[PDB]
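Peer 1: First, the structure itself, so that you have it in front of you.
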Amino acid sequence: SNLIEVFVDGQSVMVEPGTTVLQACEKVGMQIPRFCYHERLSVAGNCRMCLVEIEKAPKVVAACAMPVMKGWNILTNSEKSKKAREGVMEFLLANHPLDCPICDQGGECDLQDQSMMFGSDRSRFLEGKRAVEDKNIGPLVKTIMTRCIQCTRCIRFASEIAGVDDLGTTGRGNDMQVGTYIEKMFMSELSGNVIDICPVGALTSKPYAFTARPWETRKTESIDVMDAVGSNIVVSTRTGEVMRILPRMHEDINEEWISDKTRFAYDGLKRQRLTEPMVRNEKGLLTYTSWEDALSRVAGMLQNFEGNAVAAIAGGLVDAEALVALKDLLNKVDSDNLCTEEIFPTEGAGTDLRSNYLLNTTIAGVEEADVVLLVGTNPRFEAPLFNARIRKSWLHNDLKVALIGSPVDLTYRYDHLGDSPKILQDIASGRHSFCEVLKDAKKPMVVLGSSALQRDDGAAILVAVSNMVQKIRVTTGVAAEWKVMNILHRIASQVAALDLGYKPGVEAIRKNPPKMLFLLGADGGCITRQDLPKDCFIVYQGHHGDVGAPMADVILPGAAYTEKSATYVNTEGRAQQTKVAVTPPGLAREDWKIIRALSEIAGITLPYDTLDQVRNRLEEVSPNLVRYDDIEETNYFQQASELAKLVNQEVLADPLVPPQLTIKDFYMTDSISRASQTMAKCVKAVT
Amino acid sequence: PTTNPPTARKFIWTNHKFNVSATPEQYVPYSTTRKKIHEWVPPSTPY
Amino acid sequence: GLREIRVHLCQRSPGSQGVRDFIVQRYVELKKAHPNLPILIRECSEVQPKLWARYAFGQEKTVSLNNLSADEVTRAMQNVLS
Amino acid sequence: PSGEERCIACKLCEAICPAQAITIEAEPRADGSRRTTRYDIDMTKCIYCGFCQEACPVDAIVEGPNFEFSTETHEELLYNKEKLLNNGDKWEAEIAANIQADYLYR
Amino acid sequence: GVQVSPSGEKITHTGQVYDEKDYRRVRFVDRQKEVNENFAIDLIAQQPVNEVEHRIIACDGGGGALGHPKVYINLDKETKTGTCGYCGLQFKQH
Amino acid sequence: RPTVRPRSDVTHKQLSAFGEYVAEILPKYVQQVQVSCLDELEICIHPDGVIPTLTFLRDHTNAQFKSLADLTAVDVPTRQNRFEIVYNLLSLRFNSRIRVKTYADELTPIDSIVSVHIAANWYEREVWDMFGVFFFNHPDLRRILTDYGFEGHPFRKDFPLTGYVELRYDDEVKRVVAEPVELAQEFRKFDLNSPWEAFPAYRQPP
Amino acid sequence: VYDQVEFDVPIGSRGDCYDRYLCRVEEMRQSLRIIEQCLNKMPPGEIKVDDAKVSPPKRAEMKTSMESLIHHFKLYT
Amino acid sequence: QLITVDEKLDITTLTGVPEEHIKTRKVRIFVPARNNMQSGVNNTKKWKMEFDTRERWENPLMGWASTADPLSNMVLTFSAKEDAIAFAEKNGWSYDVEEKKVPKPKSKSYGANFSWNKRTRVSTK
Amino acid sequence: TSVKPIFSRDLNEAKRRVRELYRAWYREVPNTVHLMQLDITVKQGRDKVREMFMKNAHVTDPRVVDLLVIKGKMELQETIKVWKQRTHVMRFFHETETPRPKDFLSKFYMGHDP
Ligand code: SF4
Ligand code: SF4
Ligand code: SF4
Ligand code: SF4
Ligand code: FES
Ligand SMILES: [Zn+2]
């Protein structure tokens, strides 16, 4: 079936046409050396290290670029291939600096490992080396450019993924070098992957500078919480401290990339931390005390309260275990005002159909889509990897993309319609020049972010979008396996709260104000003491003290995501779990343990003693939160829209601007990014 | 030394010290690395 | 004092055919009738359909809907709601 | 000779030390250099094998000549950057000469 | 140079001091705190800048061996000096 | 060449011929005969052929494998029969050495050979103490290297390096009590294995 | 290289402590017989296989050549 | 001479390991992710079993890293998930399992960087 | 499935070997507190034997039972022949350590003990 029979050291292989020698060797299991090649970048033939031998051929070919012809036999451990590798390594190390004991790319150096395996053991180069002027291209990336082996991975990454076109090669010959002809700074939402991609220590991370070496690190596998994507990540510790953060290949979410924020905000887990239970004094001051005192006092004030007077608010970065425990407690107390700091329409079917408030099209479905429509979002700064997949499609499979909202600097070119929502009804009717596109285009997609729903005009725009989705589905033919409507959050705990049955907003708290608040990770400032009685007993649970902790009565320190096993959920319903890397500092504990012990003290002893039991509770409440890595299809948008069509609420005139316009705002969006004294350097540098 | 003297370098001890295993000027170990985790301190005025 | 209903079901299985029929037939009517009630539709893979109904002060019940038809499922739904 | 230290915090000594006796912790110094904040050796773990001065690419850590350093507590044998630097300043007039003698054999 | 803290403790070449409220100061009672008084960060600053008539210069620290690996430094940026990552010395282009 | 090791094929020939010899005499109790690059002969067998094969090799006129150089065990926890057992044997009439291997697990013991070689009286006790492998028809079988109350088999791959308990003298009871293990410097786990293949000749297929 | 040097092996006759004592003594003597030859026949040349992927390189080569330094690093880590 | 015992296998009472470390634990079976620093894949070929991490605090005397869990540096290597899980069951540990995240096959075309009509055209060679 | 046995065919014969071993222990116990001047009472010793026996009651495999019998016999040898000592025998009672409280709260309050 259009396949070809190829030979690798004699063994036969079936390969598709256009496939390369390197790829065939990999399909067999063999692995060709590399310096300039990377699956996710364009192909170049610079390093000359992938050179192998073809039976009945005088010249060695490049495995990265030569598509495999039928009948070829490839000799990988042949004298010619090995001599080619030896010569190429000789040349590479001719002018390299002897900086291996200073080079933070020391125990991770592909050049080291390949010199040891495929290279010789001594030098015949008795001449003088060269040296290069070191650039300065940002506060995150350190540049020692006398180590560049001119592979172009940085240039290609920038031009293709990050859409920057500001790195390049100025000069020619050995006098050539890489970088910007000027003192420009390279500050993107993705700047920081050039570090992992540079095979050598020419580009390094200034934060991680000199702090450790690879063979010291213990590596745990976890996920991000900064955004709602769930980027798979590696946390590398040393003697109980978090040293850095790395990506981890998940080709259906992030595919080897992660964001500047979630790779350089690990410093915020070391500042303004809550270490001890705290309580209000008689002078109103906050003072340290013990778990017994704090929990007993909270339970005492709980035994004299119920119904609407008790309320719970949850912010971002909170775990589904803590959410389900707080619910299973405030429900035995009969206060069902459990709320989020982020909003989703309560009208219509609201949180009653999982087909809503999701990326029904798998994050990987952008690679099959044809038209994409964005409503009130800067995905370049909220869920940047979504924009990354969008650009990957825009590059490979000629994607059409349009944006309804403010003029923004997407990393790619896009069609602009207007900053007002009424274009939604305009389209649905047909008085628009975009119906022409939607009509000839199959497999369309329409995605809307929570930043527009945070408005007061939150549900009207969503219902307009739903009606437009129906009209598109009936005009341009599409099956019921292709999904069209999508919702995108900035928050990692939202989907979990909504699948556990929370009220997506604060309207209930503003309606029936409480007298006893449980606020958990709510360092936003939406609620404050200008909205409550003069005697509201408030318990702040969290891992930083930024906004909600000072205006507190009792404070219970908790554990961050690098310090607990906990489930989070991304915009597409993919449940993922962290893994403990560093136990919490001091008296800090796990939130579900805290709430369980609190209930035990009060007299409401919960049935959850272990994490497996809490997970079985999550299973009973919603059985998807334990099928990790697996998404679950949904088929009830017809009913969702049937209902939502009966919701009268008029849109307003003011446009729908995104809160994150410039990279200056991508940083400092959560308490960890406010605590990080590196995000501040980046902000300052930008300004 | 008289014929083959050492290399005159500063930061070399002029006065030699003998074993101090129990004298009051002995060696006491400690950690040279600063504090890692900085805690949160709230203000000294309520609400 | 009912406070919540949550249906847990499957797809591409016989056990959940009646529940899918119920969802397509009478769910919008139920919502418009009692709009302020939280009805949590939750589907997964290889489960046995259940209807967990939660009352006021921290209690709830359940009933297997496996191999049940849409009319029987509506019967059980109205039983619970009543 | 300038007086600047030699250890660049490369950790080869810590990685080769059979008894896992060397603990190191480094940082970038205010003058922008690779230098340690913490360098501890446990003499109740050292087997005195020399691998550390075989590995040091700068001749910064050396197993000197002295053998008369017994003590009365187990806590005076847990060395640190300060004690080791003091020993260096103390014995350099001899370590340097012995290294000048032997460095042509290694 | 060792400059003392409120508590009366000498500071090290890496800014270590037991907080006045710290119980770990006991080990120093009837005893001392071993500290080195020769700070490399200052002793190297006391050294002068070398000058060369070549835009590229090799450093080894002194003896071929007994020094450090030969590294090559660039001197095209007259704004600042060219520092060695091993020895700390710094050079200029004249 | 001056940096590579010489390579004589006469020994490879002799030992392959003797492998065929031994295997066709004992087609039963035999499997996986192999002679390696460095000219050493291994014979793998079934746990029911220990005494037969050892006796044959010791007494047979062509073999005279009298000396039991060593007895050993080896833990590979990824195979159902995880405890490889190795007898290294020596013959002086021929100036030759051989390796006889079998397999075992927990609950699946081996037959003792003190009847054949009496040196094993202590090697088998050592195996039982270290890897936890029983032997049938051993007069005395008891802790030899470990303490008297030690509970565990520490040369396995799942037993931790530092152990589970720790000893110290307590003045209250005036004895050397045991307690859980609390170290002041956790042993550091250096991850060294490289990502780049070093020997293609052993490249497993996918 | 023991195959290049001469020495006798003392054997006993009765298997007793006295015979073993005499054997160890004559072994201490054959050791001198071997040492005379080793000294007289000491050859010149290198001392460790010049395969820097097994045995580290010298320090001057380490401090002047890239490959030697890489090999030192990898061998000692 | 053969017997039939079909009941599940357990050696917990022979391992000598105690209750605290045989029931209060959680084991993880996985394939170590590739270090995005390097492009070698000779480390993503054998399954590995590790444990949950525990307290790792600071010594007051010297500042070292102290522990009480003796299974923090315990890592086991297997050639098959089935063998890993059998071993875990045998010993008596509650285990989580992860799947082998294999990369996708990719279409590469050096000619795509010079097209006359597409966007894959590259601006720097 | 089918297996090869060790020193038994069924749990009945295994249990009767176990009961013989218990006879031996129970009978010998006092001679230990006599020979080596232990403080504990024979009642405490016998309760400890019972506890250490019932600790392995769920066991079902004749082989897993025969091996435990073997090891108990090894211990009884080490004990009747005075190779163990007061220390090794008193290493059963744990007189110098408090146990992890079997209370979610007593754990939470001090540490992360789950
Ligand atoms: S990149 Fe760094 S570690 Fe690798 S060879 Fe160059 S200097 Fe050495
Ligand atoms: S800086 Fe790094 S990634 Fe960029 S061309 Fe040079 S070696 Fe390649
Ligand atoms: S001499 Fe001592 S400190 Fe140096 S490597 Fe050997 S054991 Fe470690
Ligand atoms: S003492 Fe030497 S080997 Fe050890 S870290 Fe410092 S420079 Fe490296
Ligand atoms: S990988 Fe082929 S030339 Fe670089
Ligand atoms: Zn220098």
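Identifiers in this document derive from the order of the structure tokens: chains are assigned A, B, ..., residues are numbered from 1 separately in each chain, and ligands are numbered from 1 in order of occurrence.
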Check every residue of chain H for an atom within 12 Å of chain E, counting only C-alpha atoms, and provide those that qualify as a count of residues only.

Peer 2: 5

Peer 1: Could you list, as a CSV table (one decimal) with C-alpha atoms, in the first residue's frame, the residues of chain C having an atom within 12 Å of chain A when counting only C-alpha atoms?

Peer 2:
chain,number,residue,atom,x,y,z
C,1,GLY,CA,-35.1,18.3,51.1
C,2,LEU,CA,-33.5,17.4,47.8
C,3,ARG,CA,-30.5,19.6,46.9
C,4,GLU,CA,-28.9,17.9,43.9
C,5,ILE,CA,-29.3,15.2,41.3
C,6,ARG,CA,-26.5,13.6,39.3
C,7,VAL,CA,-26.8,11.0,36.6
C,8,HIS,CA,-23.8,8.9,35.9
C,9,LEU,CA,-23.9,7.0,32.6
C,10,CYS,CA,-21.9,5.5,29.8
C,11,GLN,CA,-21.9,5.5,25.9
C,12,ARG,CA,-21.8,2.7,23.4
C,20,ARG,CA,-29.5,8.5,26.7
C,21,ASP,CA,-33.1,8.2,25.6
C,22,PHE,CA,-34.2,9.9,28.8
C,23,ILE,CA,-31.7,12.7,28.2
C,24,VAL,CA,-32.8,13.4,24.7
C,25,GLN,CA,-36.5,13.1,25.6
C,26,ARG,CA,-37.1,14.8,29.0
C,27,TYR,CA,-34.2,16.9,30.2
C,28,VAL,CA,-34.9,20.3,28.8
C,29,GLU,CA,-38.5,20.1,30.2
C,30,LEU,CA,-37.2,19.1,33.6
C,31,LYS,CA,-34.7,22.0,33.7
C,32,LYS,CA,-37.3,24.6,32.6
C,33,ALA,CA,-39.7,23.2,35.1
C,34,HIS,CA,-37.3,23.3,38.0
C,35,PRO,CA,-34.4,25.6,36.7
C,36,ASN,CA,-32.8,26.2,40.1
C,37,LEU,CA,-32.0,22.5,40.6
C,38,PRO,CA,-28.5,21.2,39.9
C,39,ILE,CA,-28.8,18.2,37.5
C,40,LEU,CA,-25.3,16.9,36.9
C,41,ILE,CA,-25.0,14.8,33.7
C,42,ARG,CA,-21.8,12.8,33.9
C,43,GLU,CA,-20.9,10.2,31.3
C,44,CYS,CA,-17.8,7.9,31.3
C,45,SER,CA,-16.7,4.6,29.8
C,46,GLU,CA,-17.5,1.1,31.1
C,47,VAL,CA,-19.7,2.1,34.1
C,48,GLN,CA,-23.1,0.9,35.3
C,49,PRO,CA,-25.5,3.8,35.2
C,50,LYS,CA,-26.6,5.3,38.5
C,51,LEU,CA,-28.6,8.2,39.8
C,52,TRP,CA,-27.0,9.7,42.9
C,53,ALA,CA,-29.5,12.1,44.5
C,54,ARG,CA,-28.3,14.3,47.4
C,55,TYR,CA,-30.6,15.8,50.1
C,56,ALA,CA,-30.2,18.6,52.6
C,57,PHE,CA,-27.8,17.8,55.4
C,58,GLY,CA,-25.3,15.4,53.8
C,59,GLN,CA,-27.1,12.3,52.6
C,60,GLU,CA,-27.8,10.8,49.3
C,61,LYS,CA,-29.2,7.7,47.6
C,62,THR,CA,-28.5,5.7,44.4

Peer 1: Once you count only C-alpha atoms and all ligand atoms, which residues end up within 10 Å of ligand 4, and could you hand them over as a PyMOL selection string?

Peer 2: (chain A and resi 101-102) or (chain D and resi 5-17+22-26+34-36+39+51-62) or (chain E and resi 86) or (chain G and resi 73+76)

Peer 1: Within 10 Å of chain D, which residues of chain A are there when counting only C-alpha atoms? Please give them as a list in words.

Peer 2: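 Residues passing the distance filter: residues 100, 101, 102, 103, 104, 106, 206, 207, 208, 209, 210, 211, 212, 213, 215 and 216 of chain A.
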
Peer 1: Tell me the residues of chain E close to chain A, meaning within 7 Å using only C-alpha atoms, as a list in words.

Peer 2: residues 56, 69, 71, 72, 73 and 74 of chain E

Peer 1: Restricting it to N, CA, C and O atoms, dump the selection as a PDB file, in the first residue's frame.

Peer 2:
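In the end it all went to out_33.pdb:
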ATOM      1  N   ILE E  56      42.265  38.759  20.804  1.00  0.00           N
ATOM      2  CA  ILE E  56      41.979  37.458  21.391  1.00  0.00           C
ATOM      3  C   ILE E  56      43.188  37.055  22.216  1.00  0.00           C
ATOM      4  O   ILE E  56      44.326  37.166  21.750  1.00  0.00           O
ATOM      5  N   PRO E  69      42.633  25.084  32.592  1.00  0.00           N
ATOM      6  CA  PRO E  69      42.563  24.868  31.144  1.00  0.00           C
ATOM      7  C   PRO E  69      42.692  26.166  30.365  1.00  0.00           C
ATOM      8  O   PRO E  69      42.090  27.185  30.706  1.00  0.00           O
ATOM      9  N   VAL E  71      41.926  28.916  28.125  1.00  0.00           N
ATOM     10  CA  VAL E  71      40.699  29.463  27.563  1.00  0.00           C
ATOM     11  C   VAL E  71      41.034  30.730  26.793  1.00  0.00           C
ATOM     12  O   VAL E  71      41.955  31.470  27.147  1.00  0.00           O
ATOM     13  N   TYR E  72      40.260  30.990  25.746  1.00  0.00           N
ATOM     14  CA  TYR E  72      40.483  32.125  24.864  1.00  0.00           C
ATOM     15  C   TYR E  72      39.381  33.150  25.073  1.00  0.00           C
ATOM     16  O   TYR E  72      38.196  32.801  25.090  1.00  0.00           O
ATOM     17  N   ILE E  73      39.776  34.410  25.229  1.00  0.00           N
ATOM     18  CA  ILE E  73      38.865  35.504  25.535  1.00  0.00           C
ATOM     19  C   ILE E  73      38.954  36.543  24.431  1.00  0.00           C
ATOM     20  O   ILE E  73      40.038  36.802  23.890  1.00  0.00           O
ATOM     21  N   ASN E  74      37.814  37.149  24.121  1.00  0.00           N
ATOM     22  CA  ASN E  74      37.684  38.169  23.094  1.00  0.00           C
ATOM     23  C   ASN E  74      37.756  39.553  23.722  1.00  0.00           C
ATOM     24  O   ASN E  74      37.282  39.775  24.838  1.00  0.00           O
TER      25      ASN E  74
END

Peer 1: Please extract the residues of segment 60-158 of chain F with a backbone DSSP assignment of helix (DSSP H, G or I) and present them as an mmCIF file with N, CA, C and O atoms, in the first residue's frame.

Peer 2:
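Written output follows (result07.cif):
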data_model
loop_
_atom_site.group_PDB
_atom_site.id
_atom_site.type_symbol
_atom_site.label_atom_id
_atom_site.label_comp_id
_atom_site.auth_asym_id
_atom_site.auth_seq_id
_atom_site.Cartn_x
_atom_site.Cartn_y
_atom_site.Cartn_z
ATOM 1 N N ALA F 120 30.268 -26.487 49.755
ATOM 2 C CA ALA F 120 28.986 -25.803 49.667
ATOM 3 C C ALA F 120 28.301 -25.655 51.019
ATOM 4 O O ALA F 120 27.369 -24.853 51.138
ATOM 5 N N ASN F 121 28.740 -26.399 52.037
ATOM 6 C CA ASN F 121 28.073 -26.349 53.335
ATOM 7 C C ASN F 121 27.883 -24.921 53.823
ATOM 8 O O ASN F 121 26.884 -24.621 54.486
ATOM 9 N N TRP F 122 28.816 -24.029 53.506
ATOM 10 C CA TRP F 122 28.737 -22.635 53.920
ATOM 11 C C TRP F 122 28.254 -21.713 52.810
ATOM 12 O O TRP F 122 27.569 -20.725 53.090
ATOM 13 N N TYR F 123 28.591 -22.009 51.555
ATOM 14 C CA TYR F 123 28.110 -21.182 50.455
ATOM 15 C C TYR F 123 26.591 -21.200 50.380
ATOM 16 O O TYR F 123 25.959 -20.166 50.129
ATOM 17 N N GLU F 124 25.984 -22.366 50.594
ATOM 18 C CA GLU F 124 24.533 -22.474 50.522
ATOM 19 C C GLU F 124 23.867 -21.756 51.690
ATOM 20 O O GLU F 124 22.818 -21.123 51.520
ATOM 21 N N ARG F 125 24.460 -21.835 52.881
ATOM 22 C CA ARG F 125 23.967 -21.039 53.999
ATOM 23 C C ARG F 125 24.050 -19.554 53.683
ATOM 24 O O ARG F 125 23.138 -18.786 54.007
ATOM 25 N N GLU F 126 25.141 -19.132 53.043
ATOM 26 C CA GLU F 126 25.288 -17.730 52.672
ATOM 27 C C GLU F 126 24.216 -17.314 51.676
ATOM 28 O O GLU F 126 23.651 -16.219 51.778
ATOM 29 N N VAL F 127 23.929 -18.174 50.699
ATOM 30 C CA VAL F 127 22.883 -17.867 49.727
ATOM 31 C C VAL F 127 21.536 -17.748 50.424
ATOM 32 O O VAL F 127 20.764 -16.818 50.166
ATOM 33 N N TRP F 128 21.227 -18.692 51.315
ATOM 34 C CA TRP F 128 19.963 -18.619 52.039
ATOM 35 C C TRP F 128 19.870 -17.340 52.859
ATOM 36 O O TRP F 128 18.800 -16.728 52.949
ATOM 37 N N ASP F 129 20.981 -16.921 53.463
ATOM 38 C CA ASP F 129 20.952 -15.744 54.322
ATOM 39 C C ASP F 129 20.849 -14.458 53.517
ATOM 40 O O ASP F 129 20.228 -13.491 53.974
ATOM 41 N N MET F 130 21.438 -14.424 52.324
ATOM 42 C CA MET F 130 21.543 -13.183 51.569
ATOM 43 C C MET F 130 20.404 -13.004 50.570
ATOM 44 O O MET F 130 19.815 -11.922 50.488
ATOM 45 N N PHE F 131 20.086 -14.043 49.801
ATOM 46 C CA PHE F 131 19.065 -13.959 48.769
ATOM 47 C C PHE F 131 17.757 -14.631 49.157
ATOM 48 O O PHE F 131 16.756 -14.448 48.458
#

Peer 1: Hey, what's within 12 Å of residue 75 of chain C if we count only C-alpha atoms and toss same-chain stuff fewer than 2 positions away? As a compact mmCIF listing (two decimals) with C-alpha atoms, in the first residue's frame, please?

Peer 2:
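Okay, this is what ended up in out_5.txt:
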# COMPACT_ATOMS: atom_id res chain seq x y z
CA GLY C 18 -32.44 4.07 28.30
CA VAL C 19 -30.55 6.89 30.00
CA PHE C 22 -34.24 9.91 28.76
CA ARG C 26 -37.05 14.79 28.97
CA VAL C 63 -30.24 3.29 42.02
CA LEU C 65 -30.33 1.89 35.85
CA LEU C 68 -33.53 -0.22 31.99
CA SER C 69 -35.65 1.54 29.39
CA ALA C 70 -36.43 5.24 29.06
CA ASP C 71 -39.89 4.95 30.61
CA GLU C 72 -38.57 3.06 33.64
CA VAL C 73 -35.78 5.62 34.00
CA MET C 77 -36.49 9.99 38.20
CA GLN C 78 -39.97 11.14 39.20
CA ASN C 79 -39.92 8.80 42.19
CA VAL C 80 -36.71 10.45 43.40
CA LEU C 81 -37.83 14.02 42.69
CA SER C 82 -41.05 13.25 44.60

Peer 1: What's the 8 Å shell around residue 44 of chain E, counting only C-alpha atoms, without same-chain residues fewer than 2 positions away, as a ChimeraX atom specification?

Peer 2: /D:2-4 /E:40-42,46-47,88-89

Peer 1: With distances taken over only C-alpha atoms, which residue among E:14, E:81, E:45, E:94 lies nearest chain D?

Peer 2: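 For chain D, the nearest of the candidates is E:14.
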
Peer 1: Report, in Å with one decimal, the straight-line distance from atom CA of residue 13 of chain A to atom CA of residue 25 of chain A.

Peer 2: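 Pair atom CA of residue 13 of chain A / atom CA of residue 25 of chain A returns 9.2 Å.
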
Peer 1: Measure the distance from atom CA of residue 34 of chain G to atom CA of residue 2 of chain G in Å and round it to one decimal.

Peer 2: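 These two atoms are separated by 9.0 Å.
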
Peer 1: Within chain D, find each residue whose DSSP state, derived from the backbone, is strand (DSSP E), and express the selection as a list in words.

Peer 2: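 DSSP on the backbone gives strand (DSSP E) at residues 22, 23, 24, 25, 26, 27, 28, 34, 35, 36, 37, 38, 39, 40 and 41 of chain D.
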
Peer 1: Go ahead and write the selection's residues with N, CA, C and O atoms as a PDB file, in the first residue's frame.

Peer 2:
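Listing of again_13.pdb after writing:
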ATOM      1  N   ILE D  22      31.609  14.423  50.305  1.00  0.00           N
ATOM      2  CA  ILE D  22      31.684  15.821  49.907  1.00  0.00           C
ATOM      3  C   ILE D  22      30.278  16.307  49.599  1.00  0.00           C
ATOM      4  O   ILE D  22      29.584  15.731  48.754  1.00  0.00           O
ATOM      5  N   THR D  23      29.857  17.359  50.290  1.00  0.00           N
ATOM      6  CA  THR D  23      28.606  18.044  50.003  1.00  0.00           C
ATOM      7  C   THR D  23      28.924  19.448  49.514  1.00  0.00           C
ATOM      8  O   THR D  23      29.671  20.183  50.167  1.00  0.00           O
ATOM      9  N   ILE D  24      28.361  19.815  48.369  1.00  0.00           N
ATOM     10  CA  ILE D  24      28.665  21.086  47.733  1.00  0.00           C
ATOM     11  C   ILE D  24      27.365  21.790  47.387  1.00  0.00           C
ATOM     12  O   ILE D  24      26.352  21.158  47.073  1.00  0.00           O
ATOM     13  N   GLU D  25      27.406  23.117  47.449  1.00  0.00           N
ATOM     14  CA  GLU D  25      26.267  23.948  47.081  1.00  0.00           C
ATOM     15  C   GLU D  25      26.816  25.280  46.607  1.00  0.00           C
ATOM     16  O   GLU D  25      27.542  25.952  47.345  1.00  0.00           O
ATOM     17  N   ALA D  26      26.473  25.651  45.380  1.00  0.00           N
ATOM     18  CA  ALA D  26      27.077  26.780  44.700  1.00  0.00           C
ATOM     19  C   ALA D  26      26.021  27.811  44.333  1.00  0.00           C
ATOM     20  O   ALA D  26      24.819  27.613  44.525  1.00  0.00           O
ATOM     21  N   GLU D  27      26.499  28.924  43.792  1.00  0.00           N
ATOM     22  CA  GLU D  27      25.661  30.050  43.416  1.00  0.00           C
ATOM     23  C   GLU D  27      26.476  31.018  42.572  1.00  0.00           C
ATOM     24  O   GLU D  27      27.710  30.930  42.546  1.00  0.00           O
ATOM     25  N   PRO D  28      25.836  31.953  41.870  1.00  0.00           N
ATOM     26  CA  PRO D  28      26.597  33.007  41.191  1.00  0.00           C
ATOM     27  C   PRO D  28      26.915  34.135  42.160  1.00  0.00           C
ATOM     28  O   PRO D  28      26.023  34.690  42.805  1.00  0.00           O
ATOM     29  N   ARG D  34      31.511  31.599  39.048  1.00  0.00           N
ATOM     30  CA  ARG D  34      31.121  30.279  39.535  1.00  0.00           C
ATOM     31  C   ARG D  34      31.937  29.972  40.781  1.00  0.00           C
ATOM     32  O   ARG D  34      33.113  29.613  40.697  1.00  0.00           O
ATOM     33  N   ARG D  35      31.314  30.117  41.947  1.00  0.00           N
ATOM     34  CA  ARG D  35      31.985  29.883  43.214  1.00  0.00           C
ATOM     35  C   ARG D  35      30.991  29.283  44.196  1.00  0.00           C
ATOM     36  O   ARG D  35      29.777  29.442  44.059  1.00  0.00           O
ATOM     37  N   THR D  36      31.526  28.584  45.192  1.00  0.00           N
ATOM     38  CA  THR D  36      30.696  27.856  46.136  1.00  0.00           C
ATOM     39  C   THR D  36      30.175  28.765  47.239  1.00  0.00           C
ATOM     40  O   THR D  36      30.777  29.787  47.576  1.00  0.00           O
ATOM     41  N   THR D  37      29.032  28.375  47.797  1.00  0.00           N
ATOM     42  CA  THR D  37      28.589  28.868  49.089  1.00  0.00           C
ATOM     43  C   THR D  37      28.810  27.852  50.194  1.00  0.00           C
ATOM     44  O   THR D  37      28.872  28.232  51.367  1.00  0.00           O
ATOM     45  N   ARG D  38      28.929  26.575  49.840  1.00  0.00           N
ATOM     46  CA  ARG D  38      29.047  25.508  50.819  1.00  0.00           C
ATOM     47  C   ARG D  38      29.912  24.396  50.251  1.00  0.00           C
ATOM     48  O   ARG D  38      29.645  23.903  49.152  1.00  0.00           O
ATOM     49  N   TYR D  39      30.923  23.994  51.020  1.00  0.00           N
ATOM     50  CA  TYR D  39      31.807  22.893  50.645  1.00  0.00           C
ATOM     51  C   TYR D  39      32.192  22.179  51.938  1.00  0.00           C
ATOM     52  O   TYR D  39      33.047  22.665  52.683  1.00  0.00           O
ATOM     53  N   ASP D  40      31.568  21.032  52.189  1.00  0.00           N
ATOM     54  CA  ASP D  40      31.749  20.286  53.423  1.00  0.00           C
ATOM     55  C   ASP D  40      32.325  18.911  53.122  1.00  0.00           C
ATOM     56  O   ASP D  40      31.905  18.245  52.172  1.00  0.00           O
ATOM     57  N   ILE D  41      33.285  18.495  53.943  1.00  0.00           N
ATOM     58  CA  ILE D  41      33.854  17.156  53.899  1.00  0.00           C
ATOM     59  C   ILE D  41      33.683  16.527  55.272  1.00  0.00           C
ATOM     60  O   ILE D  41      33.783  17.210  56.297  1.00  0.00           O
TER      61      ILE D  41
END

Peer 1: So that I can check the surroundings of residue 77 of chain F, please list as JSON, numbers by chain every protein, DNA and RNA residue that reaches within 12 Å of it, counting only C-alpha atoms and ignoring chain neighbours fewer than 4 positions away.

Peer 2: {"F": [81, 82, 83, 84, 104, 105, 106, 131, 156, 157, 158, 159], "H": [48, 49, 75, 76, 77, 78, 79, 80, 82, 83, 84, 85, 86, 87, 88, 90, 91]}
